[PDB]
Every structure is written in C-alpha cells, then in structure tokens.
Ligand SMILES: *C(=O)CCC(=O)N/N=C/c1ccc(C(=O)O)cc1
C-alpha cells in the first residue's frame, strides 16, 4: 500500500516420517535478534528435494523454521537446531513460515 509493504504470512506445521536409509530431504541454513516479517527466524530451508519426504509434506525452499518438535527455534543457532532435528531420529515435527507479496 501507499504507507508500506503488504504481504501474506503463511504458517505450515508438518509431520515428517522418514525411513532409516534416507534424509528428510532438505538443506538447512542459517541467515540481539528480533524476528521481523522480512526475516522471521535464524534458520531457513535453502533447498528442498523435490519428491523427498519434506517436499511431500509441504515444505518448500525459502521457508523459515519457527519450531522443532515443540521447541521454539526462531532465535536458535544453526548447530543447535541441527542437533534438535537429529534427536528425533526418523520423526520431525516442524513449524515453518513462508512470506510472500
Ligand atoms: C549446511 O550444510 C548448509 C550449507 C552451509 O552451511 N554451507 N556453508 C558454507 C560456508 C561456511 C563458511 C564459510 C566461510 O567461513 O567463509 C563460507 C561458506
């Protein structure tokens, strides 16, 4: 609008179940910190394997990670989030947000 940006924020919470011999099918990457609509979390999905577990559940490149297995990760560093995901083994429940104009 004439007074500032307009955009849509879409929240997605998904349950990922994978087999032992595969990954969840995404690459996590990290971008004193206050979340903003243009920068809602420290970790985001740099890529998502088309047809992989995460893709089939509805996760997409560019999604920002808000929660992992009931723990908020908005302000959590990359290595700690990786450990939280691995702690769940073949199960990952994650909330993400995707921002678009
Ligand atoms: C995890 O594998 C996601 C991809 C990723 O994190 N790649 N990291 C690249 C990188 C790390 C450090 C430096 C540097 O010190 O200049 C450059 C690039």
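In the deposited numbering, the protein residues as written are 651 to 681, 689 to 758. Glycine included, C-beta positions come from ideal geometry on N, C-alpha and C.
| request: Look at residue 730 and residue 699 and say whether their C-beta atoms are less than 9 Å apart. | output: Cβ atoms of residue 730 and residue 699: closer than 9 Å.
Q. Which residue or residues does DSSP assign as beta-bridge partners of residue 729?
A. Beta-bridge analysis with DSSP links residue 729 to 724.
Checklist entry - With respect to 8 Å, is the separation between the Cβ of residue 686 and the closest non-hydrogen atom of ligand 1 below this value? => result Within the chain, residue numbering steps from 681 directly to 689, and residue 686 belongs to the interval with no atoms modelled.
task = Could you give the DSSP three-state label for residue 717: helix, strand or coil?
result = Looking at residue 717 - three-state DSSP - the assignment turns out to be coil, as it is neither helix nor strand.
Can you tell me whether residue 657 is buried or exposed? The criterion is at least 16 other CB atoms within 10 Å of its CB, across all chains shown. Residue 657 comes out exposed.
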